[PDB]
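>>> let me give you the complex in parts, starting here:
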Amino acid sequence: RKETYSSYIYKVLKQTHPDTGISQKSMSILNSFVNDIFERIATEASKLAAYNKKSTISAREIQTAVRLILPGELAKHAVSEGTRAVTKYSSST
Amino acid sequence: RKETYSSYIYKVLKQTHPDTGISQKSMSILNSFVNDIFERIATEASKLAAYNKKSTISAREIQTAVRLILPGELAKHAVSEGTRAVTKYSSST
Amino acid sequence: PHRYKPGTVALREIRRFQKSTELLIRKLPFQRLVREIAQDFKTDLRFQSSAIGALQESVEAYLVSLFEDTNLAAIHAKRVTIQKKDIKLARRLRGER
Amino acid sequence: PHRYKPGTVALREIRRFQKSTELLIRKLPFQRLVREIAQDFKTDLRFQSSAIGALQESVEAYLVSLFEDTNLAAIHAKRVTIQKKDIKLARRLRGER
Amino acid sequence: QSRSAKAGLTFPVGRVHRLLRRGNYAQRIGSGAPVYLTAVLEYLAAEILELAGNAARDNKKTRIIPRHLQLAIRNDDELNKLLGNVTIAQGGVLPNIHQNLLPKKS
Amino acid sequence: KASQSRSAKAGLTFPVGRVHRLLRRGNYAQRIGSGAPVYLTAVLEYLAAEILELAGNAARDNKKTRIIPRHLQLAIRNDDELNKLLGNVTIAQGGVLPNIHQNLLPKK
Amino acid sequence: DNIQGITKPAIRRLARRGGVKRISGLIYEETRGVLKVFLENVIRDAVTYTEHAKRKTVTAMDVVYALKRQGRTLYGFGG
Amino acid sequence: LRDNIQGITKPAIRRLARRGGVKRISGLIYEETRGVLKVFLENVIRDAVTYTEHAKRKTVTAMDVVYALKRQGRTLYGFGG
Amino acid sequence: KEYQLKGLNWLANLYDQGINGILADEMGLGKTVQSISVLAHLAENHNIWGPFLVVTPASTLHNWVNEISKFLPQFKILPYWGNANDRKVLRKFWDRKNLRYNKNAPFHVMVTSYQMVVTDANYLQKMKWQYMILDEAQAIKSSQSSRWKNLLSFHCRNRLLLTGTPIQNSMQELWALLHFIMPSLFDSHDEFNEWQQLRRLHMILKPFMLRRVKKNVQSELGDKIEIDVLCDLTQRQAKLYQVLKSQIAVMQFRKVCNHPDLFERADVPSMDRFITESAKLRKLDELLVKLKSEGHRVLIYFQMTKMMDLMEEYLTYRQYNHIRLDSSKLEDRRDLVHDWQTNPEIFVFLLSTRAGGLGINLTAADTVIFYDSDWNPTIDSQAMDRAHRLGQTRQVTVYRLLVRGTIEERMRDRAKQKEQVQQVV
Amino acid sequence: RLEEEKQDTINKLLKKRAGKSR
């Protein structure tokens, strides 16, 4: 028994495109993509919190990390929507 | 209050060439070099031991990691030194 | 009694290959190569079929990129014929020694 | 008087520069350049001097690598004179844009 | 209730928090950090599969094959810049021809 | 009961306790065996010893006494194993390698 | 002959993927050498991962692991 | 605006090239190399400054910049101490 | 308090005329109190307390500090010597930036050496001074010195010179001192060479100098007598004289005369053969017996570091209290001279020339031996005047040994040739 | 003010220690 992101990415796909099918090798391509990006963010945030002598991971360190490895016109939109999500989660306590 | 490796690299320099001084810029070169090598070998051994769902760092995975990074002739000299040192340490009788 | 212009068929099969995405090297000889280069390190290594395809896709990606940059290096030298000095120029310029 | 061949004195100063250790761009124009290039991301930004030295010696390392393989790209291209297309080719083969 | 629902996201904040727990990065992990990671990962997933759907519509196909993924990842120079050292299985190569390689004139 | 450290018990000069301490809160893993710090200590000792030997004969070739970074650059970048190990590094006050192309020479 | 298992039309097909018009006849043996030294490093890195896991068959996992280590990572085969 | 990018003087580019060992340098190379200098500077200094205000400091030390060089694989020794 | 009042009035008169002064007087009559009286009378006349310079060798630097501490404690004394951080502390401590005369600012007295004039000439190119004093100007006479360059370039606009013997007669140093007094009028050495030679040059230099001698005051100083000792060579000192010329410059031709062990030490090394193989050292011991029998203060001068490091082996046998000075620290030059002029149980001193033969108060000794002091009579006259000062309470006997029929005879004749030129002029 | 006075006193003490003992 193993975990993946099958139904979740399929729900995103059907949410924006209710007619396009997905191949499982293409799905494995994008699974390797998403956990690769997750690994890069997590490792960069771990290094960044290690430089500042802070033993905790918080939203500010991963905020700086996604600010810095993500290039222009994709970083700022991601930062905006993630701040929107964390504010609507913190307000919905 | 600071940390460095300066006394140890000083005394391993002095025991093989006693008529040799060291510059403080070169001293920082050596400190950054040994920090780079230690960090690289530790993050390699860490992620490969985590890759094989192993929760423990031992000498076998780090000598595997020495066989990964270091070029083969100085790698086999290094693992020869490591095996003789660990057999000397394990014979604590 | 016909003969095509040299350059007419070659461009059209470059287009036919570039629209395509299939495999170029036959699978079984590359299987032979990876088994014979594997055995000198430890004997009797079984091989999963998926690892073989991983080696395959890696080497077509690397060689396609190498030929693309070597062709750019050759066309910089006002030539349409590549040469082994252009291969060594590409290997000099990427920095992989 | 007596002159030398154009190129023999050039090799003398080539080995003079390659025997040198120090830095060859004045500190004040580089300081003003990094201060005027640092303002757009954030204003009123003070700087440590050894940080400016880090930017310095990093960028002479990058420029000597770029000029060295640009020279090799030119010497592949049957020339000694170096043009814009050598820079474009070398920046293509390094990969950055 | 799901914590992804109370943030309004479709990716598992609990599962990625659990993965961050044994991910061995620091001793203590903030609560909003998996929420922010969930948001940004679903955003990047959203534009990648959206451009994949655009490429599927551009070539009359209702199925996503890796040729569509390669064509969608290498046309955008930004995602080409982030995916510069990454290759795609059965991806293909964008047909790009140097202008002097074309034969004849006019 | 009065005993010394584990470095001379392993016969090593670099501090095994210090690199062990760096291994604990370096968050590489939560479980660390006993042989890993002594093995890492021996490997770093060997690398430092050979780097200092090349720096030493680089200085004796220039017949100096203090190790200028020119000596370190000519020790590192003139060895191909260290060129493979230190390919992407830039060294402070190191300068460039003395070399020239044969076509650049006045061959007449 | 087992070194030369790959054939001249395969290098031809890879060149036409690369967009190459004219190919000299002395490219092929050095291209075979470049291929033989390129996959040598990844075989060497994959078999070390294989033997450290106390297993004597390789998989796609450790070879794409080695490719991710050496900077030319691959998607779609796990990892 | 000001003579900042051309403040790097035209024999200095020539001297930095002659460290590498070039012989003949065209005249039009200088502004293109100036562009190469400046384009290296902003995509190193954006990482340096993001490290800078992440530490809640508005001066740039010599440590966050050497990790900024460490980011893309162009690491530096000596100033990391 | 003495006849120096009319001298300082004459110097103030030529100051009011506007030219720089020359003193051609031997050291020992107390020119230091004359100089501080000049500064005191200038502060009484037109009220300057600020920018003053004293250029002085390191042996007499703390000495001059001692007399200005004891005599005129009104001024604020600032030493300028030491390592770099203390030097920066001092350069900060005269921040100044307020020219002409200032009253409440502690930069009254600057004391320094020739070298720290030279090495801080970039640091002292600024700060336009008013009045510099250059004491013992024997070391400025060369026109090719870097100290000459940085001392000409100073725009203090007053170049008073203090020296013991300006009479080195090098045919150019007269033009050098004339050029340092007034740089505009004196630049062309060839015009001075072209312009009976002994008589005519007397009236050229007449009004600038003052004519004083030590035989004007009452002579209780000890009226020093030059008793000379001539000796032969030993057989070891004989054989070296032909094995030097068997292989055939003058420097190793000098140290062969002093001791045969200066090239090969006796090894397995008896002291009694070591002392008797040099007839120069042999005659020291017979003199040393009668001076110790009188119980008398003995001063020894020296020229080379090799001969400097052999008498302390010889002094072990007599177990004599002895302190050598040379390279030695200046703070050790403070207390050891202070130990000399206080302790009476001390007898023996090894000295070099350029440190102890300049301006040190040595009035409690009279018996001075010159071992090889024959290189320059001007330094020898300064070395003799270092002991023969005001305050010596008895007759001064100056023993000066020599070895006969050697190269010293030719060197003493060249010294005597330089002797007879300078005392006439 | 107090730091400037302390620095001036330290400079005077340094000049006294070097000037009267050296």
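Sure thing, it's come through. Numbers count the residues shown, from 1 in each chain, chains lettered A, B, ... in the order given.

>>> CA atoms for contacts and neighbours, from now on please.
Noted.

>>> list the contacts for the residue in chain C that chain B sits nearest to?
Using Cα to the nearest Cα, residue C:97 is the residue of chain C that sits closest to chain B, at 12.7 Å. By Cα atoms under 8 Å, 6 or more residues apart in numbering or on different chains, the contact set of residue C:97 is C:91, F:84.

>>> nearest residue to the middle of chain E?
residue E:48 (4.0 Å; Cα atoms, centre = their mean).

>>> name the element that one belongs to?
Per DSSP states H and E: residue E:48 is located in helix E:32-58.

>>> is that helix positioned near chain C?
No - figure legend: helix E:32-58 not in contact with chain C (Cα under 8 Å from any Cα of the partner chain); closest approach 14.4 Å.

>>> how about stretch A:7-18: buried residues?
Under the neighbour-count criterion of 16 or more other Cα atoms under 10 Å in any protein chain shown, stretch A:7-18 has A:9, A:12, A:13 buried.

>>> can I get those in a markdown table including secondary structure and distance to residue I:2?
Formatted as a markdown table, those follow (DSSP: H, G, I helix; E, B strand; the rest coil; distance: Cα to Cα, whole Å):
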| residue | secondary structure | distance to residue I:2 |
| --- | --- | --- |
| A:9 | helix | 111 |
| A:12 | helix | 112 |
| A:13 | helix | 114 |
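
>>> distance of the residue in chain J that chain H sits nearest to from residue I:92?
As assessed by Cα to the nearest Cα, chain H sits closest to residue J:3 within chain J, at 25.7 Å. Residue J:3 sits 15 Å away from residue I:92, going by Cα to Cα, to the nearest Å.

>>> build in DNA strand K:
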DNA sequence: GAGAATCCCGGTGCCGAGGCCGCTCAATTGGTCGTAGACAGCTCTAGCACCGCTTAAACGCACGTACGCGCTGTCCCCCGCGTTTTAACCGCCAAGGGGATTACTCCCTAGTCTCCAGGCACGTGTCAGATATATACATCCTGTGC
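So, slotting DNA strand K in with the rest:
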């Protein structure tokens, strides 16, 4: 102007891509606490601005000579087309061998108190460059007569 070589369209499954049911661990909820981060305060090191003189170096300008580049004849070695044979692909069988799974122990490495000495931080003794100086001795430049 014909013709091999392209795209597009009609029929054939078919096998491979989405729902459906079960439920099993894994996401979610609530109380404790203590320790790591946030914020105020102080300091003092150090970074910026500016004054003023300096001079190696940078810019302008005139020359010119080796090299980049346009053209032009020369092979000659790659490229397109028959032809075969030959080795890869495809379908299937097996078997056994090696990864996957689970249980059970033990030992080894995590967590805590003590302590004392290993490793600094900051002082002082101890050698290489630099300036200066006589002085004979050999060397160079210069004025002079046959």
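
>>> does residue I:401 touch residue I:373 like I think?
No - in this structure residue I:401 lies outside contact range of residue I:373 using Cα atoms under 8 Å: 9.7 Å.

>>> how is chain I divided into domains?
Domain ranges of chain I: I:4-204, I:225-231+I:286-405+I:413-424, per automatic domain parsing.

>>> which of these sits closest to chain B?
Closest among the domains of chain I, once you apply Cα to the nearest Cα, is domain I:4-204, at 20.4 Å.

>>> quick one: terminal-to-terminal distance for the closest one?
25 Å.

>>> can you tell if it touches DNA strand K?
Yes - against DNA strand K, domain I:4-204 shows contacts by Cα under 7 Å from any atom of the strand at I:115, I:138, I:139, I:140, I:141, I:142, I:144, I:145, I:146, I:147, I:148.

>>> residues near the fifth one, how many?
Here the count is done by other Cα atoms under 10 Å in any protein chain shown, and residue I:141 has 19 residues near it.

>>> quick one: residues contacting it.
I:173, I:174, I:176, I:177.

>>> over to the fourth one?
Residues in contact with residue I:140, defined by Cα under 8 Å, 6+ apart, are I:147, I:148.

>>> and which of the residues of domain I:4-204 next to DNA strand K is nearest residue G:6?
Closest to residue G:6 out of those is residue I:146 (79.7 Å), distances taken as Cα to Cα.

>>> isn't the closest one right up against residue I:119?
No - in this structure, residue I:146 is not within contact of residue I:119 by Cα under 8 Å, at 9.6 Å.

>>> sequence below should go in as DNA strand L:
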DNA sequence: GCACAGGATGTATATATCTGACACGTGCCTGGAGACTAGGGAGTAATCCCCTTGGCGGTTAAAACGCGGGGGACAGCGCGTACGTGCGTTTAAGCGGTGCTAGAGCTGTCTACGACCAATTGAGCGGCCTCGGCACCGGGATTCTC
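So, slotting DNA strand L in with the rest:
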């Protein structure tokens, strides 16, 4: 027009001084070593089942091989040009000096965010199932080409 004597000059080689830049001896303090506890992770071992490598055999596009020829690399030669060379005229880094000031960093202190433990429930993964998107085979329109 050339040989001979007088004056200037390097200069060497040490001393003497004499600063400038280094190896070595004490306080101290904090962190590694040792002793004790414990608990859960790894080692070991039996078993299972899945897949992986040979092993036939047919068959079938693909490479090996050779021929004709033709277009591109190549040697060389002019020419003109474009940057190397050198020197006059600013000039603007640079040094160093100083004055100010401001924020990096250390300490204290609170408090509040999440690790951890006990409990739960639910939804995500897997076997099983259904049906349709499209690769493939055959026929027709179309396109640069020689």
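
>>> the contacts of residue I:141 again please, this time with DNA strand L.
I:173, I:174, I:176, I:177.

>>> assumed the last one was part of a helix.
Yes - applying DSSP: H, G, I helix; E, B strand; the rest coil, one finds residue I:177 inside a helix.

>>> so where do the helices sit in the stretch 1-150 of chain I?
Taking DSSP state H, counting those that start in this stretch as the test, the helices found in the stretch 1-150 of chain I are I:4-17, I:31-45, I:58-70, I:84-93, I:114-118, I:146-152.

>>> next, the contact list for residue I:42, please.
Counting by Cα under 8 Å, 6+ apart, residue I:42 touches residue I:48.

>>> for residue D:20, see how far away it is.
57 Å.

>>> what about residue I:392, which SS state?
Assigned with three-state DSSP, residue I:392 falls in the coil class.

>>> what about residue I:30, how many residues nearby?
Neighbour count for residue I:30, taken as other Cα under 10 Å: 13.

>>> then residue I:306?
Around residue I:306 there are 12 residues (other Cα under 10 Å).

>>> could you do residue E:91 as well?
Counted with other Cα under 10 Å, residue E:91 comes out at 22.

>>> test my guess that it contacts residue E:64.
No - checked against Cα under 8 Å, the pair residue E:91 and residue E:64 is beyond contact range at 11.5 Å.

>>> what parts of chain E come near DNA strand K?
Proximity of chain E to DNA strand K is confined to E:1, E:2, E:3, E:4, E:12, E:13, E:14, E:15, E:18 under the rule Cα under 7 Å from any atom of the strand.
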